[PDB]
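Residue numbers (PDB author numbering), protein chains in the order written: chain B, 15 to 42, 48 to 389, 395 to 476; chain A, 22 to 39, 48 to 106, 110 to 250, 253 to 313, 324 to 337, 346 to 389, 395 to 427, 440 to 459.
Note that beta-carbon positions come from the ideal geometry of N, C-alpha and C, so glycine has one too.
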Amino acid sequence: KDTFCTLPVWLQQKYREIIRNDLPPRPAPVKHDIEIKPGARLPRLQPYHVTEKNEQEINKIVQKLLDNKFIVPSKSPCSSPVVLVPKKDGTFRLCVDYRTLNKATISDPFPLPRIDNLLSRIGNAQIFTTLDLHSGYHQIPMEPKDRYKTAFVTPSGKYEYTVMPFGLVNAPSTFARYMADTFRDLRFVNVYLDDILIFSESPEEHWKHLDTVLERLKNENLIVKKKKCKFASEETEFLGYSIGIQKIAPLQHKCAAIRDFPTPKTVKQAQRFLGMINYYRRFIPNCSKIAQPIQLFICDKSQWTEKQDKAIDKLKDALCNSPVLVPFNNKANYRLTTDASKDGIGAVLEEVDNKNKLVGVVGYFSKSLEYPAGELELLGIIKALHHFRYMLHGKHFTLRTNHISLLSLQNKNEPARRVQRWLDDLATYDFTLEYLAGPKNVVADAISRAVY
Amino acid sequence: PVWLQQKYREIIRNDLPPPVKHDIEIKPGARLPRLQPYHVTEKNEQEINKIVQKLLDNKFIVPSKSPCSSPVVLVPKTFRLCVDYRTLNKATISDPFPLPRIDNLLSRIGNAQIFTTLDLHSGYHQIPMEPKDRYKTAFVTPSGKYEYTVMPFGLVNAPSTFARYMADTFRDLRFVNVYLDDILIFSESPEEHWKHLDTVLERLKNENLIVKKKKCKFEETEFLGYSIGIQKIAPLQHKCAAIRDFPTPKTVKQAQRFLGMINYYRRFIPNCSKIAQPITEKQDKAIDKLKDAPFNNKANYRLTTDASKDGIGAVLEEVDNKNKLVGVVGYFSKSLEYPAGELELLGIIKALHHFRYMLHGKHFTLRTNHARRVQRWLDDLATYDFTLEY
RNA sequence: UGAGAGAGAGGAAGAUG
DNA sequence: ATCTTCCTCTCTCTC
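Below, the structure written as structure tokens:
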């Protein structure tokens with residue numbers, strides 16, 4: 015876990031200045052702009068009431084930013100409030116609650132290729148290197164014209180951003196459009212939304228490759244957040260896929276969740292499994308007659324022999340194939356459904372017609388969890409959305425959840441404390457919340473309640 | 022006060038001896062006001078003319094033929113002058129700056145002992161005007177037209193201009209509360225108050241801002259309409275002697291005009307909102333009941357919140373190293389709006410929400426007894454750490 | 001005439017079941 | 001049944 019030393023000394027020395035671990039103060048391309056919805060009002064919000072110590076800590080950060088030239092003071096005619104986020108580290112984070120802004124701003128998502136068309140490029144590559152720029156946050160200039168829109172307000176101040184803060188609605192497209200612009204003409208570099216992938220077929224050619232990409236970054240006055248990068252290694256991770264020499268295969272397959280879904284022991288476990296299948300009973304040739312061996316065990320008394328074992332695996336196979344599964348498309352209307360709990364999270368992304376109703380599923384999600397459970401469950405939900413990052417990109421969807429912290433985003437006012445730390449990442453998804461209570465959470469629950 | 026007297030006598034000096050400048054930016058589409066003056070009586074015009082000279086006297090305004098023309102207002106109390117700038121303002125870009133929260137200043141004082149007070153001499157009038165934008169302040173009196181050379185009260189961004197400036201100069205002194213032109217400073221030891229007084233007087237001297245020495249006090255002051263005592267905060271007798279001696283409500287407004295003034299002092303009146311339930325032979329027992337009627349960061353507290361119907365009650369008290377009481381820092385009460398347990402929970406979260414800017418998060422204790442909107446209630450409750458009581 | 005703060009009385013329109 | 005967002009008005013306070 016020290017892969018920079020792994021690359022030649024002449025490269026180490028050439029780009030030492032731009033492969034840093036902390037952002038130096040601003041040195042001054049394409050910019051981030053904020054186009055407002057015709058007839059929308061920019062926010063004119065007061066700051067949130069915080070305690071003495073907290074505001075001290077708020078001011079500590081404003082200084083660090085002022086000193087970094089990321090913000091200058093404003094006399095802006097609008098303002099958004101601010102939430103201090105107490106990292107797990109003892110440190111602190113200033114998050115600007117740009118929800119009211121984001122509502123009033125147009126979205127211009129940058130069109131990205133299918134991931135599988137990108138992975139097709141790596142071909143017979145032998146070394147890979149990934150570079151992190153943290154999506155160009157705090158680097159990409161705000162458009163001078165649009166800076167006042169970013170204006171935050173603390174209990175005793177009013178500053179505006181000069182570079183691209185977190186929390187703004189079209190951020191990752193800006194960085195995406197940027198990377199396309201600088202790197203689209205190199206057949207050895209894959210770029211998408213986050214990392215830059217560099218692939219070559221020999222470490223010989225690789226250094227000449229890195230030389231070009233790092234130069235181009237250096238000419239953009241960009242900085243590579245070293246600590247995140249992986250340099251010239253055999254294996255690397257990219258776009259949720261595991262990138263190998265000749266082996267590309269996802270970290271969590273489309274159907275892993277239902278495949279490794281454990282065989283039931285308790286009655287309840289079976290009832291939950293059956294309850295899930297029942298939800299998509301429509302997309303399957305007579306599920307009522309093939310769930311019989313199971314349902315009978317649940318119902319009255321019968322042994323869980325290999326006669327249930329067959330029935331289960333027949334129903335699993337039914338969920339992992341058409342017509343339960345639908346070959347995703349770009350113009351589709353998605354809807355994500357998450358239930359998290361003790362121990363684990365499960366979620367389901369499903370297509371929906373012009374009438375809000377099932378056409379099928381696009382992927383299931385499952386993940387185990389390591395305090396309190398209120399905080400831990402939300403992490404689960406974030407990890408589910410994260411999983412579906414590249415598919416939900418550009419799309420408006422509907423997120424169903426029964427997490428009272430996340431649900432507080434329905435109201436315009438100051439959000440619940442337990443959701444505030446995820447305000448910045450949430451802002452990059454374009455979702456409508458919807459409350460969830462069974463039997464609509466039957467799929468998600470079975471996946472959730474049963475971790476593997 | 023030996024050395025300080027030497028150092029800042031130059032700025033602690035009545036009358037203003039001859048940088049931040051106020052700006053007035055007009056929204057692109059907008060046109061400036063060319064308004065005709067307000068009607069005035071023969072004896073009002075005299076009171077106007079006596080002030081227009083006083084303004085001309087200290088060289089705050091100059092007679093100038095700007096194209097712009099806003100009308101003037103004569104305010105009773110003595111009689112101050114205010115220009116109606118409402119048409120001007122609607123043509124100027126806004127500029128919202130925070131003003132210190134009052135609940136928030138009273139809560140900072142801690143167990144500070146000796147408080148000095150500074151009064152910025154002639155308020156906004158110590159803030160020059162940017163000459164380019166001077167002509168916009170132009171106003172027609174019946175006599176002739178004038179122009180403010182110095183920041184007049186009653187422009188949109190006027191409080192923000194001064195509130196910024198103050199915030200920037202005094203944001204990082206944990207012993208100084210500066211609310212616009214009023215500046216409190218609170219210390220523990222007299223020794224420590226000297227070093228403190230120097231520091232703020234430096235900054236006031238560094239900006240060539242002037243204190244009106246006559247108008248300020250250097253072990254007990256008054257501030258923001260309150261009276262901050264040594265180990266106490268209590269409402270002053272200035273506003274208390276117009277509260278008992280306020281005529282019993284007979285009219286509709288008077289019923290509101292009474293709840294309205296006793297409002298700002300809700301902090302002191304226990305079960306306040308619950309005793310105004312009538313506000324009619326039962327209105328009388330109520331206006332008389334209310335007429336009758346200390347936060348240190350490091351200390352422990354007890355939030356008590358018994359709440360049934362007809363109200364939700366709560367008081368927060370300072371408690372001994374062991375237990376029981378030390379004092380009271382406020383009483384909270386609200387009207388509404395379903396089972397007591399949930400009714401007593403709403404009482405808790407609306408109470409916690411009230412003192413959140415002190416209680417979140419110290420380890421205090423809760424004295425109290427013992440579905441979606443309750444999930445929410447329960448979630449808010451979770452972010453506080455405490456321990457329930459019988 | 002200005003900026004915020006508190007308490008209170010009402011009104012109009014939506015969304016998901 | 002849940003839950004949003006927008007507006008008018010009354011009384012008061014701080015400077």
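Notebook entry, point to check: What residues in its chain sit with their C-beta under 8 Å from that of B:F202, if we drop five residues either side in the sequence?
Noted result: The sequence position of residue 202 of chain B within the first sequence is 183, counting from 1. Excluding sequence neighbours, B:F202 sits near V208, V210, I215, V232, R235.
Check: Start and end of the beta strand (DSSP E) containing B:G379?
Finding: On the first sequence, position 360 is the one that residue 379 of chain B refers to. Start and end: 377–387.
Check: In three-state terms, what does DSSP make of B:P130?
Finding: On the first sequence, residue 130 of chain B is found 111 positions in, with the first residue counted as 1. Residue state, collapsed to three classes: coil.
Check: Going by DSSP, what residues sit across from A:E369 in a beta bridge?
Finding: Locating residue 369 of chain A in the second sequence gives position 317, counting from the first residue. Looking at the DSSP output, A:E369 shares a beta bridge with A:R354, A:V380.
Item checked: Chain-ordered chain A contacts of B:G363 [CB-CB under 7 Å] -> Start at 1 with the first residue of the first sequence, and residue 363 of chain B comes out as number 344. Those within 7 Å of B:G363 in chain A number zero; the least Cβ separation is about 21 Å.
Notebook entry, point to check: Along the chain, where does the alpha helix (DSSP H) that runs through B:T110 open and close?
Noted result: Taking the first residue of the first sequence as position 1, residue 110 of chain B is located at position 91. From DSSP, B:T110 is part of no alpha helix (DSSP H); its letter is neither H nor E.
Check: From A:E223, A:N375, A:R300, A:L423, pick the residue whose C-alpha is nearest to that of A:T356; which is it?
Finding: Against the second sequence, residue 356 of chain A aligns to sequence position 304. The residue from A:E223, A:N375, A:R300, A:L423 with its alpha-carbon nearest to that of A:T356 is A:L423.
Item checked: Contact set for A:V81: own chain, Cβ-Cβ below 8 Å, skip 5 residues either direction -> Within the second sequence, residue 81 of chain A is the residue found at index 52, counting from 1. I90, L113, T173, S175, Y178, listed in sequence order.
Check: Between which two residues does the beta strand (DSSP E) carrying B:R413 extend?
Finding: Counting from 1 along the first sequence, the entry for residue 413 of chain B is found at position 389. Note, B:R413: premise wrong, no beta strand (DSSP E); alpha helix (DSSP H) at 413–416.
Next item on the list: Alpha carbon to alpha carbon, how far is B:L229 from B:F250? Give it in angstroms, no decimals.
Entry: Within the first sequence, the letter at position 231 stands for residue 250 of chain B. Within the first sequence, the letter at position 210 stands for residue 229 of chain B. Their backbone Cα atoms lie some 10 Å apart in a straight line.
Margin query: Strictly under 8 Å for the Cβ-Cβ distance: is A:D165 near chain B by that measure?
Written below: The residue given as residue 165 of chain A occupies position 133 in the second sequence. At a cut-off of 8 Å between C-beta atoms, A:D165 does not count as an interface residue with respect to chain B.
Check: Taking 7 Å as the line, does the beta carbon of B:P66 fall inside it for any heavy atom of the ligand COA?
Finding: With respect to small molecules bound, the structure shown includes none, and the ligand COA cannot be examined in it.
Notebook entry, point to check: Between the beta-carbon of A:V371 and the beta-carbon of A:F347, is there less than 8 Å?
Noted result: Within the second sequence, numbered from 1, the residue matching residue 371 of chain A stands at position 319. Within the second sequence, numbered from 1, the residue matching residue 347 of chain A stands at position 295. Not a contact, by the Cβ cut-off of 8 Å.
Note to self: Checking 8 Å against the spacing of the C-beta atoms, do A:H417 and A:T456 come in under that value?
What the structure shows: Position 360 of the second sequence holds residue 417 of chain A. Position 387 of the second sequence holds residue 456 of chain A. Taking 8 Å as the cut-off, the Cβ atoms of A:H417 and A:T456 do not count as close.
Margin query: Is A:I125 close to chain B? Criterion is C-beta to C-beta, closer than 8 Å.
Written below: Start at 1 with the first residue of the second sequence, and residue 125 of chain A comes out as number 93. At least one chain B Cβ lies under 8 Å of A:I125.
Margin query: Counting only Cβ-Cβ distances shorter than 9 Å, please list the residues of the stretch 86–106 of chain B near chain A, keeping chain order.
Written below: Result list: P92, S93, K94, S95, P96, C97, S98.
Notebook entry, point to check: What span of residues does the alpha helix (DSSP H) with B:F194 cover, start to end?
Noted result: As a first step, residue 194 of chain B is located in the first sequence; it is residue number 175 there, counting from the start. Here the alpha helix (DSSP H) through B:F194 covers 190–202.
Notebook entry, point to check: In angstroms, rounded to a whole number, what distance separates the CA positions of A:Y197 and B:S385?
Noted result: Indexing the second sequence from 1 puts residue 197 of chain A at position 165. Indexing the first sequence from 1 puts residue 385 of chain B at position 366. If I take the Cα positions, the gap works out to 54 Å.
Item checked: Inter-residue spacing [alpha-carbon to alpha-carbon] between A:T70 and A:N78 -> By 1-based counting over the second sequence, the position of residue 70 of chain A is 41. By 1-based counting over the second sequence, the position of residue 78 of chain A is 49. Computed Cα separation, rounded: 12 Å.
Check: In three-state terms, what does DSSP make of B:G176?
Finding: In the first sequence, residue 176 of chain B corresponds to position 157, counting from 1. In the structure shown, the three-state DSSP call for B:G176 is strand.
Notebook entry, point to check: Using a beta-carbon distance cut-off of less than 8 Å, what residues from the stretch 154–183 of chain B approach chain A?
Noted result: Within the stretch 154–183 of chain B, the residues whose Cβ lies closer than 8 Å to some Cβ of chain A are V172, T173, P174, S175, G176, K177, listed in chain order.
Notebook entry, point to check: When DSSP labels each residue in this structure, what does A:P269 get in the three-state scheme?
Noted result: For this step, residue 269 of chain A is matched to residue 235 along the second sequence. Strand, per DSSP.
Notebook entry, point to check: At what residue ranges does the stretch 426–475 of chain B contain a whole run of the beta strand (DSSP E), taking only runs of 3 or more?
Noted result: Fully enclosed beta strand (DSSP E) runs of 3 or longer: 454–459.
Notebook entry, point to check: Quick one: is B:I264 buried, meaning 16 or more other Cβ sit within 10 Å of its Cβ, or exposed?
Noted result: As a first step, residue 264 of chain B is located in the first sequence; it is residue number 245 there, counting from the start. Taking every protein chain shown into account, the CB of B:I264 has fewer than 16 other CB atoms within 10 angstroms, so this residue is exposed.
Notebook entry, point to check: So which residues on chain B does A:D332 lean against when the C-beta distance must stay under 8 Å?
Noted result: Walking along the second sequence from the start, residue 332 of chain A turns up at place 288. Here the premise fails: no neighbours, minimum Cβ distance about 34 Å.
Item checked: Three-state secondary structure assigned by DSSP to A:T282 -> Counting from one through the second sequence, the residue named residue 282 of chain A turns up at place 248. The three-state secondary structure of A:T282, taken from DSSP, is coil.
Next item on the list: State buried or exposed for B:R291, treating a residue as buried only when at least 16 other CB atoms are found within 10 Å of its CB.
Entry: Residue mapping note: residue 291 of chain B aligns to position 272 of the first sequence, counting from 1. Label assigned to B:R291: buried.
Checklist line | Rounded C-alpha distance that separates B:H272 from B:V475 | finding: The count along the first sequence starts at 1 and reaches residue 272 of chain B at position 253. The count along the first sequence starts at 1 and reaches residue 475 of chain B at position 451. Using only the alpha carbons, I get a separation of about 16 Å.
Margin query: Please give me, in chain order, every unbroken run of the beta strand (DSSP E) with length at least 3 that falls completely inside the stretch 315–363 of chain B.
Written below: Listed in chain order, the complete beta strand (DSSP E) runs (minimum 3 residues) inside the stretch 315–363 of chain B are 352–359.
Notebook entry, point to check: Out of B:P38, B:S99, B:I134, B:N297, which has the shortest C-alpha to C-alpha gap to B:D213?
Noted result: Within the first sequence, the letter at position 194 stands for residue 213 of chain B. Of B:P38, B:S99, B:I134, B:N297, the smallest CA-CA separation from B:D213 is found for B:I134.
Check: Using the C-alpha atoms, what's the distance from B:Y260 back to B:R473?
Finding: As a first step, residue 473 of chain B must be located in the first sequence, where it is residue number 449. As a first step, residue 260 of chain B must be located in the first sequence, where it is residue number 241. C-alpha separation (whole angstroms): 26 Å.
Item checked: Proximity below 8 Å, CB of A:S387 to CB of A:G363 -> Position 335 of the second sequence, counting from 1, holds the residue named residue 387 of chain A. Position 311 of the second sequence, counting from 1, holds the residue named residue 363 of chain A. A contact, by the Cβ cut-off of 8 Å.
Check: Taking the alpha helix (DSSP H) that A:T70 falls in, what are its first and last residues?
Finding: Within the second sequence, the letter at position 41 stands for residue 70 of chain A. Careful: A:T70 lies outside any alpha helix (DSSP H) and carries neither H nor E.
Notebook entry, point to check: Between the stretch 157–170 of chain A and the stretch 48–55 of chain A, do three or more beta carbon pairs fall short of 8 Å?
Noted result: Contact holds: three or more Cβ-Cβ distances are below 8 Å.
Check: Nearest chain B C-beta to A:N348 closer than 8 Å, yes or no?
Finding: Against the second sequence, residue 348 of chain A aligns to sequence position 296. The C-beta of A:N348 comes no closer than 8 Å to any C-beta of chain B.
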